[PDB]
């Protein structure tokens, strides 16, 4: 079907031959709950490595648009926003990646989760890569499950930067993250910090604390993946203005009222399935400034954030709140 347009007015105010090119990693998270983030008040240190990195902003009031991967991911990149979003027609709308690609930003999507749920479908096929494959992902033999790890998506990104030398670049890394029910499979042994761990597939039959322990160990591995993603960006900070955005697609029920996993219709889904973490990191020289940590935010903030990071204006989101501010200190 023909593409329905939303941002044909979009203009990029500055080009990478007149200022530093910009390089952004957007980590599309999976199944992570805001209330299990240390920064949000959780009594366990689930993000020790991010805690040591300067310039990380944690956002304490972020609500997902939905409770599943197929529903939330397209909306996260949409112009319609959660209130007018239609999952069944999202694929035919111009989305924020379409706009950025059209204006010259090089887009890459690596996926260790499933796929882009239609978001990459209008862009050239080679700009999407399946990193659940052990012949794309070199980090699948570190665990007895032979499960490919999110950090494997960082291997060879330097090839992409070199192939796009001096251009603006936006790289999506779609995480396996905290996907259940087998939380215990989601992390290598070095992250088996909270013990004992539920290693059964029937969650209600595990002792509750052992389920929480497995879930929190999986968060430690995501803390590590985000920290290494920032470290990778930092190797490019002299030539590029580098930033990292993380937002989870939805949360997770962990036995409250006997509910497990996610995917429940928004009308009656419990809050645990909607309250998600978000982090923003940027290098000091970029001039990008985060919004207040307690700003009331939703997935609708993602599209204007991605546009602002590349100096793009679009009428459709002119009134939207982003994760980053409009004002600039000189």
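Positions refer to the first chain, counted from 1.
Look up the CA B-factors in the entry and say which stretch, 27 to 35 or 41 to 49, has the higher mean.
-> Comparing averages over the C-alpha atoms only gives 41 to 49.
Would you tell me which stretch averages the higher CA B-factor in the PDB entry, 121 to 129 or 238 to 246?
-> The recorded data point to 121 to 129.
According to the deposited entry, which of 219, 107, 204, 75 has the largest Cα B-factor?
-> Spelled out: the listed residue with the top C-alpha B-factor is 204.
Considering only 182, 134, 230, 172, which residue's Cα atom bears the greatest B-factor as recorded?
-> It is 134.
Using the B-factor values recorded in the entry, state whether the Cα atom of residue 208 falls in the lowest, middle or highest third among the modelled residues of its chain.
-> Its C-alpha B-factor, which the entry lists for residue 208, ranks in the highest third among residues of this chain.
Where the record places residue 65 (Cα B-factor, split into thirds across the chain) | Middle third.
Can you work out whether the C-alpha temperature factor of residue 259 puts it in the lowest, middle or highest third of the chain?
-> Ranked within chain, residue 259 CA B lands in the middle tercile.
Compared with the other modelled residues in the chain, in which third is the CA B-factor of residue 57?
-> It falls in the middle third of the chain.
Which third of the chain does residue 100 land in by C-alpha B-factor: lowest, middle or highest?
-> Residue 100: CA B-factor falls in the lowest third of its chain.
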